[PDB]
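Student: This one's experimental. Sequence and coordinates below.
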Amino acid sequence: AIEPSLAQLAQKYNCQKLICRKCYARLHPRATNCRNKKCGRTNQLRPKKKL
Amino acid sequence: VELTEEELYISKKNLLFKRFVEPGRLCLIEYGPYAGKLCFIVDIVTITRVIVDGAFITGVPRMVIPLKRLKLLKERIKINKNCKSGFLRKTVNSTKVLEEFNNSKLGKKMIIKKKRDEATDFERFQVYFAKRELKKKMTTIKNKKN
Amino acid sequence: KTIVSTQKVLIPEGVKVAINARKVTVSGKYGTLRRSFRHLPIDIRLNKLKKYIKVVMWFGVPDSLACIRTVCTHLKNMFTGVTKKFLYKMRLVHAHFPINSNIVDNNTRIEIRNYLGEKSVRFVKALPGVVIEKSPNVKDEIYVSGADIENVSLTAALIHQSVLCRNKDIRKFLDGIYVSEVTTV
Amino acid sequence: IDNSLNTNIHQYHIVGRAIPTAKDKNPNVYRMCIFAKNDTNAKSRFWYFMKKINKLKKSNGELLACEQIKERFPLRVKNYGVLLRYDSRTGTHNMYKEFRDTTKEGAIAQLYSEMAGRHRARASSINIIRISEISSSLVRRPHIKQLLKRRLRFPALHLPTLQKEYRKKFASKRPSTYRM
Amino acid sequence: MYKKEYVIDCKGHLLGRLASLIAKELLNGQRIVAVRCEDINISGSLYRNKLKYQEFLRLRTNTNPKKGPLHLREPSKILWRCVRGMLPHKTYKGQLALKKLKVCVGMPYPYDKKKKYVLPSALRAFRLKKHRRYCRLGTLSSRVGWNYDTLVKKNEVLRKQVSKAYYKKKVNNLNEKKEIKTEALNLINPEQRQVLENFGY
RNA sequence: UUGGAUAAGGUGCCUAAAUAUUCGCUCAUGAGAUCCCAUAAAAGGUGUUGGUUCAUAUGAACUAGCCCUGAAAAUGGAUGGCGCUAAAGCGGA
Ligand SMILES: [Mg+2]
Ligand SMILES: [Mg+2]
Ligand SMILES: [Mg+2]
Ligand SMILES: [Mg+2]
Ligand SMILES: [Mg+2]
């Protein structure tokens, strides 16, 4: 019982993110660079896999 | 279109930074062959280097120095950015800025120091004697009070 | 090294501001907020006759400029808080088990219970001076509010953390308690 | 005069030519301004440049004159543009940098420091190609533009560089960096 | 360094530089009471400093740690250790120099009432740019298991009130003296007075 | 042997000599630190510093400085140590 707007909101946090192809960090969906020092801030970002 | 009573406010707004390096800051050189000498900031070369000029009252010629070497004083004299040394001399003499500086605490103390440095043994002894006399008098007054 | 760089923050109408040595203190209708900036070099100066306060930075790379802007933003936020509380509207979403959101202790401390049905209590105390109300209008949501934008936001974040489920597929299990709308009153 | 402050780069006009030969009795003369620490260094630089550009080596040419150029208005601030060729550890580059200074010599002194500091480019690896005063309508570099602003003013945030006499390591009172 | 005993108020000082300054003086031959060592500063971030100290702690002697690097972690003791590092402490002279150094946390039974000097060559205000991370030594020590920090702070606070009280009295005394001088400049001779005026007093 | 004045090297302390002056760069949640020398690379970095070439005060592409990642081994631990960040680091003068 998850009404669509609420579900969308939930997704916004849990799902519509980028992920570092190197260290797996959750990033905002609009990010260019990893932010984590261990990757050496790579540009290699991919979308969080949907379903 | 004039201000009226906001003028007062502007006058009495405590700014954090007074003494900006700008044309006609008085400036006491701290480091170098010239030290304890006064000299005006004529031009500014870059963020760190300035052209100073003790207009010929003071000992220091026109030359570039690091701002690091300077100690800006409360005194200013409005001068044209281009101003050559003769003009500076004319202006400063007219405005009596050096006198003002001397009157001011720092200048006063400097001159006192100079005097102390230049004293004769006898003069030192005279001062000592005077102090002793004062102490005597002072002590007596303290006793009276008590 | 940019010789001078500045920023102008317009104080609103019913605000009693008072900076000193970067220890800014703002008072108004809701709360008295104090928040020091004495870690960046900055001669924030006040104009009480006119409105506005000037943040000004002498020299400094782009870092300094950035810092100045941040400071200005913070000031603005503070002003907003004192005029009108920040209202973080947190909707809780559940799949199966409805979340029991019991506010206690003068609308601080929100006990969350029955999150994914585990019969165990999640305590999440609010920061200094930040009310946690529940909905008048809709059914599920939770208002977090109180002047300091920092603190209310922090509280909200804490609340969210208190919920978020551990070792499962989080794309499938959307259950939790999320910030819907950042607003004012 | 202050000798702690000076940088002893001067500018030298050098003129030289190839020694005349039966086959080429009237050879071309070449000149240049060269920024060098002394006259001999200048000469050497000139020779090097001759070698690089023309077929001309010190042993088969002769210096006609070495003059030494003193700045005409050594207390007027000017905006100097410089064009360099420098060598990095990886390769070779041109760049154009601008320096607000009181003389060409001063600018060059600044430049050498900057290249050393910012690029780790040592004096050997640099070749100044031209310095010229840029009138302030054509200044492209923002750190120079700022200086050229109308009624320039700024506070004194530098810390005191007290004389070594009055630098004493024990202090009565915690000094103040604020000053005023 | 021709005084009998310099008290150094270690607050606001940069650990290493301060230590260096101390060490030379000690060598020369000069008792130095480093006082208020909770407030010394280190130029790294706090976390960085902690990490360094953690690393230091980790180096014990494998065989038998009763011997081997003693990890003295009162701020005063840290300071002392630092000072030692910059002395030839394995000689006799060095040892003597080391002994000459006393260090304290807060300020106690004579060093409240002694003048407290400052080494401005080693002052954090003058030595780090204000956009740099620094760290209070006391906090660092606390992080690495010192414990007596709050207590020390309390003590300091208590002392400050006393100091303030003393200062008021001192100020009053000074004022009185000034008044007396004003009164009793008129009662001397003329020429002498003039002379006095000329040289400042 | 006495005195002088240097060399290489240094000049925060250990350590005799600069907490010298002067211009940059650099913050490192395992900084860096001087021939032989006692290790680091390819590849990255919307880290910051300059540039260069292009387009319409933004967008690109490069480029090389320092820094970061890459960077994991066994007794505890080594720029020689302390420590240093308005350097006591790196490059100059
Ligand atoms: Mg599973
Ligand atoms: Mg001999
Ligand atoms: Mg000698
Ligand atoms: Mg020595
Ligand atoms: Mg050394």
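Tutor: Cool, got the structure. Numbers count the residues shown, from 1 in each chain, chains lettered A, B, ... in the order given. Ligands and ions are numbered 1, 2, ... in the order given.

Student: Specify the local secondary structure of the closest residue to residue A:15 other than its chain neighbours.
Tutor: What sits nearest to residue A:15 in space, not counting adjacent residues and going by C-beta to C-beta, 6 or more residues apart in numbering or on different chains, is residue C:171, at 5.3 Å. Placement of C-beta: from N, CA and C, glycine included. Here residue C:171 is recorded as coil under DSSP: H, G, I helix; E, B strand; the rest coil.

Student: Report the contact partners of residue C:171.
Tutor: A:14, A:15, A:50, A:51 (C-beta atoms under 8 Å, 6 or more residues apart in numbering or on different chains).

Student: Filter the residues you listed down to the ones in helices?
Tutor: Among the contacts of residue C:171, the members falling in helices (DSSP state H) are residue A:14.

Student: And the closest residue to residue A:51 other than its chain neighbours, how far from residue B:33?
Tutor: Distances taken as C-beta to C-beta, 6+ apart place residue C:171 nearest to residue A:51, at 6.1 Å, with adjacent residues excluded. Distance of residue C:171 to residue B:33, computed by C-beta to C-beta, to the nearest Å: 76 Å.

Student: What count of nearby residues applies to residue 50?
Tutor: Picked chain A for this. Residue A:50 is flanked by 8 other residues according to other C-beta atoms under 10 Å in any protein chain shown.

Student: wrong one, I was asking about chain C
Tutor: A count of nearby residues for residue C:50, using other C-beta under 10 Å, gives 9.

Student: can you check residue B:145 too?
Tutor: The local packing of residue B:145 (other C-beta under 10 Å) involves 10 other residues.

Student: Now do the contacts for it.
Tutor: residue E:180.

Student: Mind doing that once more with 10 Å?
Tutor: Contact analysis of residue B:145 by C-beta atoms under 10 Å, 6 or more residues apart in numbering or on different chains lists E:176, E:179, E:180, E:183.

Student: In PyMOL, how would I select just the buried ones from those?
Tutor: Filtering the contacts of residue B:145 down to the buried ones (16 or more other C-beta atoms under 10 Å in any protein chain shown) takes a single PyMOL command:
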select buried, chain E and resi 180
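
Student: so can I have a markdown table of the contacts of residue B:145 showing distance to residue C:115?
Tutor: Output for the contacts of residue B:145, formatted as a markdown table (distance: C-beta to C-beta, whole Å):
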| residue | distance to residue C:115 |
| --- | --- |
| E:176 | 73 |
| E:179 | 76 |
| E:180 | 79 |
| E:183 | 82 |
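
Student: Keep only those of the contacts of residue B:145 that are also close to chain B.
Tutor: For chain B, the contacts drawn from the contacts of residue B:145 by C-beta under 10 Å from any C-beta of the partner chain are E:176, E:179, E:180, E:183.

Student: Output these in CSV; the columns should cover secondary structure.
Tutor: Output for those, formatted as CSV (three-state DSSP):
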residue, secondary structure
E:176, helix
E:179, helix
E:180, helix
E:183, helix
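
Student: nearest to chain B, of the residues you listed?
Tutor: When the ones next to chain B among the contacts of residue B:145 are compared for distance to chain B (C-beta to the nearest C-beta), residue E:180 wins out at 5.0 Å.

Student: Just the element for the spatially closest residue to residue D:66 that is not a sequence neighbour, please.
Tutor: Spatially, and ignoring its direct neighbours in sequence, residue D:66 is nearest to residue D:14 (5.1 Å; C-beta to C-beta, 6+ apart). Per DSSP states H and E: residue D:14 is located in strand D:10-18.

Student: and what of residue C:92?
Tutor: Per DSSP H and E: strand C:86-93 holds residue C:92.

Student: Please tell me how far residue E:198 sits from chain C.
Tutor: Residue E:198 sits 41 Å away from chain C, going by C-beta to the nearest C-beta, to the nearest Å.

Student: Quick one: neighbours of the nearest residue to that residue once chain neighbours are set aside, just the number.
Tutor: Computed as C-beta to C-beta, 6+ apart, the closest residue to residue E:198 that is not its neighbour in sequence is residue B:115, at 6.8 Å. For residue B:115, the count of nearby residues is 13 (other C-beta under 10 Å).

Student: Look at the closest residue to RNA strand F within chain A and give its secondary structure.
Tutor: Of all residues in chain A, residue A:40 sits closest to RNA strand F, at 2.9 Å by C-beta to the nearest atom of the strand. Counting by three-state DSSP, the backbone at residue A:40 sits in coil.

Student: Let me see the contact set for it.
Tutor: Each residue near residue A:40 by C-beta under 10 Å, 6+ apart is listed here: A:22, A:23, A:33, A:34.

Student: From the residues you listed, pick the one nearest residue E:82.
Tutor: residue A:23 (38.2 Å; C-beta to C-beta).

Student: which ones are touching the closest one?
Tutor: Residue A:23 neighbours (C-beta under 10 Å, 6+ apart): A:34, A:35, A:36, A:37, A:38, A:39, A:40, A:42.

Student: Most neighbours out of these, which is it?
Tutor: Counting by other C-beta under 10 Å, top hit in the contacts of residue A:23: residue A:34 with 23 neighbours.

Student: Could you check how far that residue is from chain B?
Tutor: 36 Å.

Student: Repeat that for residue D:79.
Tutor: In this view, residue D:79 and chain B are 10 Å apart by C-beta to the nearest C-beta.

Student: where does chain D come near chain C, residue by residue?
Tutor: D:142, D:143, D:146, D:147, D:149, D:152, D:153, D:154, D:155, D:156, D:157.

Student: What are the phi and psi values at the residue nearest to the fifth one when sequence neighbours are not counted?
Tutor: When you say that, I think you mean residue D:149. Nearest non-adjacent residue to residue D:149, counting by C-beta to C-beta, 6+ apart: residue C:3, 7.7 Å away. Taking degrees, to the nearest 10, you get phi -60, psi -50 for the backbone angles of residue C:3.

Student: Same question for residue B:114.
Tutor: phi -60, psi -50.

Student: That one and residue B:36 touch, don't they?
Tutor: Yes - assessed by C-beta atoms under 10 Å, residue B:114 is found in contact with residue B:36 at 8.3 Å.

Student: thinking again about what came up before, check which helices and strands the strand holding residue C:92 sits against.
Tutor: When contacts are defined as 3 or more C-beta pairs under 10 Å, 6 or more residues apart in numbering or on different chains; DSSP states H and E, strand C:86-93 sits against helix A:4-14, strand C:100-104, strand C:131-134, strand C:142-145, helix C:149-163, strand C:176-184.

Student: Can you give me the neighbour number for residue D:52?
Tutor: Neighbours around residue D:52, by other C-beta under 10 Å: 9.

Student: Contacts only, for it.
Tutor: Applying C-beta under 10 Å, 6+ apart to residue D:52 gives the contacts residue D:127.

Student: Helix or strand: which one has it?
Tutor: Applying DSSP H and E as the criterion places residue D:52 in helix D:39-53.

Student: How far off centre is stretch C:12-31?
Tutor: 17 Å (C-alpha atoms, centre = their mean, to the nearest Å).
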